[PDB]
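Quick setup: the structure tokens below cover two forms of a single protein chain, split into structure 1 and structure 2.
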Structure 1
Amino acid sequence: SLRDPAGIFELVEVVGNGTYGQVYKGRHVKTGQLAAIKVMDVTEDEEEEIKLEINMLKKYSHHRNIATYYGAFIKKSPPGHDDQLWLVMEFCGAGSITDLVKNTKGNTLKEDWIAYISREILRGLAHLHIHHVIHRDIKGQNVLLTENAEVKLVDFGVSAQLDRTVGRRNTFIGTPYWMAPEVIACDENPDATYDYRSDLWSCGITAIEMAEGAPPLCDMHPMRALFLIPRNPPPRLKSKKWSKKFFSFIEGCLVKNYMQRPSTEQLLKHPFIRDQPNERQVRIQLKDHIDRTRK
């Protein structure tokens, strides 16, 4: 009951990849409206799981800080080949905040840009949490901007639920640098699970990434980072130039033990997030920066 995308959506060009498959800029054939399309090989036995995932993705993406999910499709392939799942969502033209910080001189964003982006993240997270959804994959590549300097979350955890063989697309662990300590199983933490507060740790790491251009432990092998995170104290900003408010917000996101980590609503009331005077001009500064870099 998932259809071929032919005549409905079509691929335009790659915008990025990693993990598994790639993401294209895509187009709704009949209106010319853009979309992002995630394309990845799947077996036909995955189909039942996909319909559950897409259903969840659509239901929870109707908030201004989440990229809205449009639909999923399966482009059947000739005998022998695997069919391609196409996952179709809102196109975010300005790209990821990881890209942003990369294309910015100094690999560092102004403090008030960081406060604005982090609030937008928290609001998106707030929406998901109240609906009992853990994002579980927060990081710079999963935070996107529109042409109009709007901020949107993408790729919140759906699945795995189904007591099935996990499909290839879900068998890859991914970059670990944004993962909370409690999420990484060890002797004392054998069943290590997500908690909504797991996303808040990730938002703190994303904030450091905006400040320094890379997450903590970036000079280490990913596997070794996996080992260190549950053992290390909370990461810290390296420069002292930042405001007392910024330091305190980082401290809040990065509370080692998640039991005393603040909730999403609490961080939204944190002075660094809550009190933002130059908002309007931030937007404009962001808007203008985006244009400069496209060109």
Structure 2
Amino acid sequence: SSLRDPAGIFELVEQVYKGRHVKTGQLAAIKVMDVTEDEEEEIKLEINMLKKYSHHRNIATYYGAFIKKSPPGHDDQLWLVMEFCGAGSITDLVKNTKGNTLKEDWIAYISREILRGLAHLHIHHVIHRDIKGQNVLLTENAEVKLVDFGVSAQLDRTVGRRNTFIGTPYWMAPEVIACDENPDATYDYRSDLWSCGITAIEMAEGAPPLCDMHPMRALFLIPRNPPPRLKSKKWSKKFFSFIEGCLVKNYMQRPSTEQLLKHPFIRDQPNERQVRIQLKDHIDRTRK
């Protein structure tokens, strides 16, 4: 809960860059930004607005914000430390997969791990705001963890030259997009649940719906088009039902994380331990 110097607490090794905790040598992921005196001041107020939530196995534990005072004359550097995850992102997992599609049991496993960590954030009144394949990471083992660099006050999005940027729209729920009949872009906890159904499609198809559009045409269509659907008809009735449960157009009628955690596609995973093995086996092969 303080913007301090990284000296002695954390050190970098060489946008996210690898680092280490100097005291135990424990690995770290350090997000690096460039801030002005005004942006460094804005981070101080936003750190006071941070909510308190405990450690979690499905969330890459947020350590803190530091200001690496350097260089004199140029812009200073803001560092955001978080738990280190080795096997990369779900996006990387799908890219480095045979048909750029995952097994339905792998998707069910990863979606439950996403929902588990989401449920953690939602009881502590925190919205993730950016659930997508690129922000779900895999540790050395088959552990599934949500990216967290101070998501309670969005410390990685409020400052820097890319803060004013609208961003990538493909995983945005209808309510977060301002349009005619939606003039106030309402981020709700249920917005992460739409993003989870879009992430599930990304696991099944390699890319989220509407990926073939220019980002501005996709942004216009997400609030107007009926809910996205899986292109293939191979998938089970449980998968279609889960996607249909997440991708409710009106968030007021979309279920909570708790209800989705009791959905048969997420709830009924008999091969849970076998799927957790072939995931770690995939990680092992990729390391070569």
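We call the rigid core whatever largest set of C-alpha positions still superposes within 1.5 Å between the two forms. Here, residue number means position along structure 1's sequence, counting from 1.
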item	value
Displaced position between structure 1 and structure 2, chosen from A214, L162, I184, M220 (C-alpha, 2 Å or more, rigid core)	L162
CA of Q260, rigid core aligned, shift of 2 Å or more between structure 1 and structure 2	no
Rigid core superposition, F249 Cα moves 2 angstroms or more between structure 1 and structure 2	no
Threshold 2 Å Cα movement between structure 1 and structure 2 at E47, rigid core reference	yes
Per-residue Cα shift, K58, between structure 1 and structure 2 [Å; core superposed]	8.5
Core-aligned Cα shift of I173 between structure 1 and structure 2, given in Å	2.3
Between structure 1 and structure 2, C-alpha offset at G7 (rigid core aligned, Å)	4.2
